[PDB]
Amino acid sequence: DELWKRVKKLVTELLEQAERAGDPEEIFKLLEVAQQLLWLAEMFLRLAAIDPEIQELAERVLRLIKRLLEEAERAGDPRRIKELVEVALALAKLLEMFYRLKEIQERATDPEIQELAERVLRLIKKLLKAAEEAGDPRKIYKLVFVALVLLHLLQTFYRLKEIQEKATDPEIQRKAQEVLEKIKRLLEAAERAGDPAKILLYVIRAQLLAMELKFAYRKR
């Protein structure tokens, strides 16, 4: 569609810039953006096909990616092109994780996982709307980054619920329940605090508690 035409045109112009550069790492820097653009196009086409409320944000993320691609096409300095391509890549990763979340919420039966998924999607829809109204690509990236970790945290909450519901070790069962309650409190605290830097620290503090138990529960 309009994505591959724009992507392939950005790669050719970026490749032609590397030819007349003559600088050591600057030529590699201009080929890394071109390589990231090709991977973005590969993710863009595969994410087009694969709850209508999740389909609305899918259009919003694709609309935002096309906006960042049109901005890179209307910019010259490869420094902001670099920044804009990795915002669209994070959006592509965010869209893929949203599909992964939509497939674990259809295969989950615990009412706390469903209630927590609605909470994380309210925070994600808020960060995504604030990203679509922002102008600085760094501000968009930070908000899309926080939305990305929120989706992964929800995926870890679903995995920990499977831990707790099938673990025979009572020590793991108690620790899993304690981690899950702390995660639910950290998500309620991330929803009560508007600062994305504070939302990010709560999610990292939740993943540290989740992965410490995942590493200990690991089959060896």
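From 1 onward, residues are counted along the sequence shown.
Enquirer: I'd like to know the size of any gap between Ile50 and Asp51, counted in deposited residues with no coordinates: none, 1 to 3, 4 to 9, or 10 or more.
Expert: In the deposited sequence, 4 to 9 residues between these two have no coordinates.
Enquirer: Determine, for stretches 144-152 and 112-120, which one has the higher mean CA B-factor as deposited.
Expert: Per the PDB record, 112-120.
Enquirer: Per the record, averaged over C-alpha atoms, which has the higher B-factor: 41-49 or 26-34?
Expert: According to the PDB entry, the answer is 41-49.
Enquirer: Compare the CA B factors listed in the entry for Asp195, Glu70, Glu162, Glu178 and report the winner.
Expert: Top of the list by C-alpha B-factor: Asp195.
Enquirer: Lowest, middle or highest third of the chain for the C-alpha temperature factor of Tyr217?
Expert: It falls in the middle third of the chain.
Enquirer: Lowest, middle or highest third: where is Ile199 by Cα B-factor in its chain?
Expert: As the PDB entry reports it, the C-alpha B-factor of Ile199 lands in the middle third of its chain.
Enquirer: Hey, what third does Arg185 fall into on Cα B-factor, ranked over its chain?
Expert: Ranked within chain, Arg185 CA B lands in the middle tercile.
Enquirer: According to the PDB entry, is the CA B factor of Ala75 in the bottom, middle or top third of its chain, that is, lowest, middle or highest?
Expert: Highest third - that is where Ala75 ends up once the chain's C-alpha B-factors are sorted.
Enquirer: What third of its chain's C-alpha B-factors does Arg107 belong to: lowest, middle or highest?
Expert: For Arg107, whose C-alpha B-factor we compare with every modelled residue in the chain, the answer is the highest third.
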